[PDB]
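Each of two forms of one protein chain follows alone as structure tokens, named structure 1 and structure 2.
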Structure 1
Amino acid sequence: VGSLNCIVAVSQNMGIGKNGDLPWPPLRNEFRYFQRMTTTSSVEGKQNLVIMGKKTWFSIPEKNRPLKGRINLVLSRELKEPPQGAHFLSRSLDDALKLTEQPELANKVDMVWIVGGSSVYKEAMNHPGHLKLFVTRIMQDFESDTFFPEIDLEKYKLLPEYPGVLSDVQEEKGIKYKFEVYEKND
């Protein structure tokens, strides 16, 4: 796999989770952005792959698992088989990426999207090669118990814009946020 993508929503104090859920109230269009970005592929015959940790998997409501229209892969060192509803299980990101090139998935996967949590982001962000980070900056502090790792600006560049991503400040339920895209190349 020649490139990876991460996607996250983060508060001002770098929080991504609290008590197994989001630190802020649910933001519908922010969620719809996550859905659009991770689901959309114009390559006929293929789907995108979402990779996530075990806690992130169980944070998704049962009725919404697996994430529709995407191949769902869960990372765990302890499970022997995927959690019920998930399509695949791997012990590591690198193992996950090798799996996509074996016969079952060979001709089936377009984009790869890392969707959390902290440890999966940390690993992905240090993976060699081209990687983009789609980061929604929630422009307030929220009490959090799970945090997004620091973005290394020696490696990552804030892109000034990105096709299909809105540039202006957004607001839903009185909460301001903005969509950012970062990239590294080595």
Structure 2
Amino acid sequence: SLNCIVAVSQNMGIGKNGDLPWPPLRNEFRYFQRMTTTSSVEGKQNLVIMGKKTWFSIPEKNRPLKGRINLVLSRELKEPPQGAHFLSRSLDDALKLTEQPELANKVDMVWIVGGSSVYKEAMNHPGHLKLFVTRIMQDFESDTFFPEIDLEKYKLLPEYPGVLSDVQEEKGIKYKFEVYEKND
């Protein structure tokens, strides 16, 4: 299945000057690490698809995201950024690549991890799509925003395996984990 994962502020912001609009939330990042890294199929890895700015928004010491196959999207870059496993010129080229048997046999989940335009194209992609959305319950100054969630297609699930639905809090900031789903 194809999955998006994101943390959004109340104003639906996701980035500010190539970083997150809020201070580091240690447990929310752990959640991101766990969901993207954990495969539900023994012996297979997970694969993350991300835009170019998101890739460089990750501290160099954490690149590539360990335990996961990192794929970057770019139309300008000649070579893949140092540390990336794959480069693709479009979202669909990347998805077509994950379906190649040499990959599919080693890959379980595909995770879209940003940025904005990558989120938008994926959420309108036809098929089975899940959105793992962390609702940060506080407005934050942002220059990049998450696109609209169409509630005529996406349904908020009341629970999901491995996700705590209770309100969380770190550094004084409250947030909750949500999961939306659509089929075709």
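C-alpha atoms forming the largest set that superposes within 1.5 Å between two forms make up the rigid core. Residue indices: 1-based, along structure 1. Shifts are known only where both forms have a C-alpha.
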**Q.** Yes/no, residue 84 Cα shift of 2 Å or more between the two structures with rigid core fixed
**A.** no
Q) Is residue 95 one of the residues whose C-alpha moves 2 Å or more between the two structures after the core fit? A) no
Q: Would you look up how far the C-alpha of residue 61 moves between the two structures when the rigid core is overlaid, in angstrom?
A: 0.6
Q. Hey, core superposed, how many Å does residue 46 shift at the CA between the two structures?
A. 1.5
**Q.** Moved residue ranges in sequence order between the two structures, Cα 2 Å or more, at least 3 long, core fit
**A.** 42-45, 101-104
